[PDB]
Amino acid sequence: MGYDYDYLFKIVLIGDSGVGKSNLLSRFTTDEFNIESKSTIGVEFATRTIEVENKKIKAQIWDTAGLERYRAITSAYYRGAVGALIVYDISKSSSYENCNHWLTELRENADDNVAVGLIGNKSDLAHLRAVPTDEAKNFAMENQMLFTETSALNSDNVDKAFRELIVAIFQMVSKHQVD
């Protein structure tokens, strides 16, 4: 209360430890980055309110370490989420290859009809690129996922990545005028 919003969307970040989930969260919600961030303790969330078609959408973004955890924690994490972002590190091909493992956790825990986006983070490390863009783009298309390469470090495409997901959920859950 105190805040006028039309929608609240819970969105979860999933992906290997180290890919940059927490920095994506912090960059998107509070415009902060930390080069010395460590593995996440417990579960955290932050919120940013954006505007789409003149409606205010509260985007509540959840974060937890990309590591094995108990069933009760993972169920609470996914519960109520209407969007997910699967994150890999464009400089680390093993993280990208593990995306199918994250897709599996998603299918196993997520509510019906969640919007899914794939993010290749750390695009500022293109001098050490291990994952070709066209390969990742194709993988996203094959699995009906949004796709963006981002850098939490320099802010490149971070708003774009989150906004596109939010706009996609918004599209789904509201009525729209034609012409």
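So that there is no doubt, residue numbering starts at 1 and follows the sequence shown.
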**Prompt:** Where do the C-alpha atoms have the higher mean temperature factor in this entry, in 81-89 or in 105-113?
**Reply:** 105-113
**Request:** Check the entry's C-alpha temperature factors for 56-64 and 115-123, then say which stretch has the higher mean.
**Result:** 56-64
**Fill in**
In this crystal structure's PDB entry, the residue among 26, 138, 47, 151 with the greatest CA B factor is 138
**Asked** By the record's CA B-factor, is residue 98 among the lowest, middle or highest third of residues in the chain?
**Response** middle
**Request:** Just say lowest, middle or highest third for the CA B-factor of residue 147 relative to the other modelled residues in its chain.
**Result:** lowest
